[PDB]
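[1] Below you'll find the sequence and an experimental structure to go with it.
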Amino acid sequence: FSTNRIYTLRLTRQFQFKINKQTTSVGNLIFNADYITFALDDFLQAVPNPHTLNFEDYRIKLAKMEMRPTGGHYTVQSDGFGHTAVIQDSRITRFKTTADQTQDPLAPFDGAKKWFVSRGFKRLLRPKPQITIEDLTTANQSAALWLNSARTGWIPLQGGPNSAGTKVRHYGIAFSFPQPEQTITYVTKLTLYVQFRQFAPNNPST
Amino acid sequence: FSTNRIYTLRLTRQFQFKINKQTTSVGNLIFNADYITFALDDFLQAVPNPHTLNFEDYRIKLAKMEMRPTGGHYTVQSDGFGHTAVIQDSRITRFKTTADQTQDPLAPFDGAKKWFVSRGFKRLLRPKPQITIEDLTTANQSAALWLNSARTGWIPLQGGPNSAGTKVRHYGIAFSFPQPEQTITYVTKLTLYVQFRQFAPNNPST
Amino acid sequence: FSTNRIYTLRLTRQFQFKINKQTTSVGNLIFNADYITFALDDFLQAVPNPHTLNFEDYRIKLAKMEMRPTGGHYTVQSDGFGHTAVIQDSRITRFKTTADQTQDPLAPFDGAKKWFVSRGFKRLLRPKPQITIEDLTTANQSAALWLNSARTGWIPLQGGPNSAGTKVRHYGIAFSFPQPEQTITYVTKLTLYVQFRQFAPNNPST
Amino acid sequence: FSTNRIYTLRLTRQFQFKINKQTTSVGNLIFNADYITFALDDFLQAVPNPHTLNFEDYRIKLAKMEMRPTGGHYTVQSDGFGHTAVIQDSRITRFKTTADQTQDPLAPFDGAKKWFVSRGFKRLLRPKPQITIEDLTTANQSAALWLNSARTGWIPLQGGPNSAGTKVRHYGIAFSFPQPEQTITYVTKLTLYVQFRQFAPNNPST
Amino acid sequence: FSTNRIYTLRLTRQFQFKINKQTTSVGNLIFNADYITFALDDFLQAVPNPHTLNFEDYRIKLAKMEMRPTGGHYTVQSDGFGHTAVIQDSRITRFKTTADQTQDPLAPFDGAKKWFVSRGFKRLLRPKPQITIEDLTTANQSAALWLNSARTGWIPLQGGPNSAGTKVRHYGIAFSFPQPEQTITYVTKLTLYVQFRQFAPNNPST
């Protein structure tokens, strides 16, 4: 039971997602996209999970997204195919489309994988936290950097000036779809595979 | 034909299960759950099974639950996915939910396994009987303990002050589900793989 | 991440203990004794520890008691020697002496180990939970039984009719001492080495 | 004599520490704690050390804390035992207790190590600098990350907009103690084992 | 980084395709067909792709066509089978039928592979650019030749009197279908696997 003792937990949460009936540019093929990011706090605040953990540091080795249709949608009712893409930086926010796309906005990505709208998808990835760089050629601007291996660093749960280590946003997976003729509802399940370092007491009483 | 002669039987029973049309929080994703426990008497009292066995002891090596839809439900009509979980103590009783859950109540369990509402599931487990402990730090309260291996102990069919050995409750499997848009009926089949020890006569005449 | 996934934690708590100045049978050698038992709940209720754990079962592999003098007592100030003894059943309650003993009440025990009053002691043991036996030759009486190996069974945290699995009392260590000429205060630290089985969600919302 | 030429130095500083006579809840066992962090500037500003170094980068491979009693305190006068803990993030600041603790606030830590109040302690550690993350799920908040190996990065002594590279705070070691019956004064010695990269000139004249 | 440095990219674009409800020769089996050709410019003009590439030469090593039904068409709804055929010259233009065929117009082709109307198809091919021959036995007529291996030649992006290297038409894939009883809409995804030679600057400023 040393300072560097490691523990590994699996955490999950679920939510609903809707792809709306096509009501624009009717009769034509259009695409839209959304995305998901991963933060430990998102999973600890879920009702059935432990809301605090007695560990000093953590690191997300792996994340999983699984979206499957519900609401009585027929799997054999073909509604075309879109793509998933692993986007491991904050650029992913641009891929929640605010306007109809005339092409699949994620298909050109290296690593883009096809998925059929009526079946959903399942994909694993290594989501990345974003380290800060403030020394840019333009003043008063910052950029990001992320590490190739999760074993390189640790995120303290209560480190930093906000004690908000569990809220670090790890990027990230996006998914696109051709707009269907009828609304489709999905059940989404996210999973985190997290390593924790150093069992720790509660903060001292004040 | 010694005192420790062993016999093995397979026992089964069936019953109907209903997942009700969602009539609460319509438009939201909600989850509920139920559970099953195993007792030898539950199977011997089934109509087509032998209602009494001429053995002195028994032990349940393995149990099995299969739930498949009926009532004309389409397997290709997707209604999301829930989870099954092996819960081998009386805590399982809390997982027959009495209120709608905003998250899958069983997914966080180690060993939780996904299953699709429209296809049902099949799972095998080693259900455990609960040994009594009455020496707790709070007076007049009791707790439970179960044994890691079924080969460790035997249960007399007629042992104890009530001769109710066959009614020992073995835990246990729970299953959760997102509430669907229509009612779904299932056929559930349970199977016990039971070892019996010592062929025995009837009780003496009185 | 299976049903049988195991985790191991170290838990500790501390408290003060006093051996009072001898005020009886003055000038003569007398002995007294006290004892300690181990319950998981005792450690989870300690301020700096997690007060609930999200595991389904547990088992105490090892327990440790360490009592050391404080309050400015000189280690080189000899006050004789007493004994520690591992007593793994409820008989230990008789060894909190209510009357002065003319002999060391724990020395005859097999496994009794000497300890010097002015230095304290440190001892590891395997504490035992007490399984119930109610079939005795005398009516309306029960007795106990404990298992040789901790790997034999599991205690569900919320199992039993009281959901008080963490309050099972594990026996046990006692310690005796010759009554000193002046009061001595000690700091006692207990440690549990506990294996937990099956990461589990919170109980469903009601 | 290349750009990546490395030099290693040992640096030290000392200071006094006091554990105060217990004047609150007299008669009860209470605990308090304090902590130490490491910054190169803390050592260079010490009177007998070089106040500026002609190197471009540095990295702290190892740090060391030794606290031994003084003021005439007897080592054979027992005052119980507390614990030391390696806490490598800014959470350590909470472990300078501002209120009396009823339990040892550091004992539950993985890696916690006992130490006797009357003898002091000595412990080595790998203290960590905190890298900034500004992309959290809560807007305008930040968190930290540190690297598992000191060989992964270098800290420029004069890098950044403030040329304050030597002031990076490396975490960290905390120590707890039961409050004694009399005041105890200590001499604390800290030691840094620091690698430096690239012998460098003074800044150009202006 | 030599003149012959090669880069390889994957490029994709999508569009809609309709097979119209049969309104001619009703009650009888009829067939129609269409075709696709490949030009780098077709993919660079697509909205999400880079519209200019800074390379000197290119060559298409592989092309892919995937057409899948959408619009709510049931995959389990049989509508017969047609064929795909790789036609690597401009004769393919004749196989966009302008009159109903009483036989499958592509089935006789060597390499013809059947596909079911209700599931779509996926086929890979090596599309061919057409080299000009003007020396024919008939005056003022020209013919075509293509090379067996893609490694034999390179197409400069801006070569020729029109700088229209990216507009070379590569042949080619055709697909036939028996006319269904109801209209069927498809999503079509084309993919190019293109090797580029010699990273190049922009054209000089004028």
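    Structure's in. What do you need? Numbering: from 1, shown residues only, chains lettered A, B, ... in the order given.
[2] how about the residues of chain A near chain C?
    With Cβ under 8 Å from any Cβ of the partner chain as the criterion, chain A meets chain C at residues A:1, A:7, A:9-10, A:47-50, A:52, A:54, A:199, A:201-202, A:204-205. (Each C-beta comes from the backbone N, C-alpha and C, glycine too.)
[3] What about chain B: which of these touch it?
    Answer for those near chain B (Cβ under 8 Å from any Cβ): A:10, A:47-49.
[4] Let me see the contact set for residue A:64.
    The contact partners of residue A:64, by Cβ atoms under 8 Å, 6 or more residues apart in numbering or on different chains, come to A:122-125, A:189-193.
[5] returning to what we had before: just the closest of the ones next to chain B among the residues of chain A next to chain C to residue A:58, please.
    residue A:10 (13.1 Å; Cβ to Cβ).
[6] Near the nearest residue to the closest one once chain neighbours are set aside, how many other residues are there?
    What sits nearest to residue A:10 in space, not counting adjacent residues and going by Cβ to Cβ, 6 or more residues apart in numbering or on different chains, is residue C:1, at 4.7 Å. Neighbour count for residue C:1, taken as other Cβ atoms under 10 Å in any protein chain shown: 14.
[7] Next: the one 5 residues further on.
    The burial count assigned to residue C:6 is 14, neighbours taken as other Cβ under 10 Å.
[8] excluding its backbone neighbours, what's nearest residue A:19?
    With Cβ to Cβ, 6+ apart, the residue lying closest to residue A:19 is residue A:184, at 4.7 Å.
[9] Helix or strand: which one has the residue positioned nearest the centre of chain A?
    With the centre of chain A defined as its mean C-alpha position, the nearest residue by Cα atoms, centre = their mean is residue A:37, 2.6 Å away. Taking DSSP states H and E as the criterion, residue A:37 maps to strand A:31-38.
[10] Could you name the helices and strands sitting against that strand?
    Applying 3 or more Cβ pairs under 8 Å, 6 or more residues apart in numbering or on different chains; DSSP states H and E, we find strand A:31-38 packed against strand A:55-70, strand A:170-178, strand A:184-199.
[11] which ones are touching residue A:197?
    A:4-7, A:55-59, A:154.
[12] Am I right that residue A:91 sits in a helix?
    Yes. Counting by DSSP: H, G, I helix; E, B strand; the rest coil, residue A:91 is found in a helix.
[13] and it, how many residues sit next to it?
    12.
[14] same thing with the one 10 residues further on?
    By the other Cβ under 10 Å criterion, the neighbourhood of residue A:101 contains 19 residues.
[15] and the gap between it and residue A:94?
    Distance from residue A:101 to residue A:94, counting by Cβ to Cβ, to the nearest Å: 12 Å.
[16] got a list of what residue A:8 touches?
    A:61, A:193-196.
[17] Tell me how many other residues surround whichever residue of chain A sits closest to chain E.
    Relative to chain E, the nearest point of chain A is residue A:80 (3.6 Å; Cβ to the nearest Cβ). Neighbourhood size, residue A:80 [other Cβ under 10 Å]: 27.
[18] Just the closest of the contacts of residue A:64 to residue D:159, please.
    Using Cβ to Cβ, those come closest to residue D:159 at residue A:125, 33.5 Å.
[19] Pop out the phi and psi values for the closest one.
    For residue A:125, the backbone dihedrals (degrees, to the nearest 10) come out as phi -160, psi 170.
[20] about what we covered before: verify the contact between the residue nearest to residue A:19 and residue A:120 for me.
    No. Using Cβ atoms under 8 Å, residue A:184 is not in contact with residue A:120, being 9.5 Å away.
[21] residues shared between the contacts of those two?
    Common neighbours of residue A:184 and residue A:120 (Cβ under 8 Å, 6+ apart) are residue A:69.
[22] List the residues that contact the residue lying closest to residue A:117 once chain neighbours are set aside.
    Closest residue in space to residue A:117, ignoring its immediate chain neighbours: residue A:79 at 4.0 Å, by Cβ to Cβ, 6+ apart. Residues in contact with residue A:79 (Cβ under 8 Å, 6+ apart) are A:116-118, A:178, A:180-181, A:184, E:70-72.
[23] Quick one, which of the residues you listed are buried?
    Buried members of those, counted by 16 or more other Cβ atoms under 10 Å in any protein chain shown: A:116-118, A:178, A:180, A:184, E:70-71.
[24] isn't residue A:67 right up against residue A:188?
    Yes. Contact criterion Cβ under 8 Å: residue A:67 and residue A:188 qualify, at 4.5 Å.
[25] And the two? Which one has more around it.
    residue A:67 (21 against 18).
[26] which strand residues sit across from that one in the sheet?
    Judged by DSSP bridges, the bridge partners of residue A:67 are residue A:121, residue A:188.
[27] separation between it and residue E:71?
    From residue A:67 over to residue E:71 the distance is 21 Å, taken as Cβ to Cβ.
[28] swap in residue A:205?
    Taking Cβ to Cβ as the measure, residue A:205 falls 64 Å from residue E:71.
[29] Skipping adjacent residues, who's closest to residue A:43 in space?
    residue A:11 (4.3 Å).
[30] Quick check: the one you found is in a helix.
    No. Residue A:11 sits outside any helix when classified using three-state DSSP, being strand.
[31] Need the contact partners of stretch A:154-162.
    Contacts for stretch A:154-162 (Cβ under 8 Å, 6+ apart): A:40, A:53, A:55-59, A:129, A:165-166, A:168, A:197, A:203, D:88-91, D:130, D:132-133, D:136, D:138, D:141-146, D:148.
[32] Drop anything exposed from those.
    A:40, A:53, A:55-59, A:129, A:165-166, A:168, A:197, D:88-91, D:130, D:133, D:136, D:141-146, D:148.
[33] Tell me if I'm right that residue A:96 and residue A:37 touch.
    No. Counting by Cβ under 8 Å, residue A:96 stays clear of residue A:37, with 11.0 Å between them.
[34] Identify the residues contacting the spatially closest residue to residue A:109 that is not a sequence neighbour.
    In space, and not counting its chain neighbours, residue A:109 is closest to residue A:85: 4.0 Å by Cβ to Cβ, 6+ apart. Contacts here follow Cβ under 8 Å, 6+ apart; on that basis residue A:85 touches A:95, A:106, A:109, A:111-113, A:173-176.
[35] pretty sure the residue nearest to residue A:10 is touching residue B:109, no?
    No. With contacts counted by Cβ under 8 Å, residue C:1 stays clear of residue B:109, the gap being 9.1 Å.
[36] re the thing from before, what pairs with the residue nearest to residue A:43 across the strands?
    As for beta bridges, residue A:11 partners with residue A:192 under DSSP bridges.
[37] mind listing what residue A:195 touches?
    A:6-8, A:58-59, A:61, A:150.
[38] From residue A:17, how far out is the residue nearest to residue A:104 when sequence neighbours are not counted?
    Closest residue to residue A:104 apart from its sequence neighbours, by Cβ to Cβ, 6+ apart: residue A:31 at 4.9 Å. From residue A:31 across to residue A:17, the span is 16 Å (Cβ to Cβ).
[39] With neighbour numbers in mind, choose between these two.
    A side-by-side neighbour count of residue A:31 and residue A:17, using other Cβ under 10 Å, places residue A:31 first with 23 against 17.
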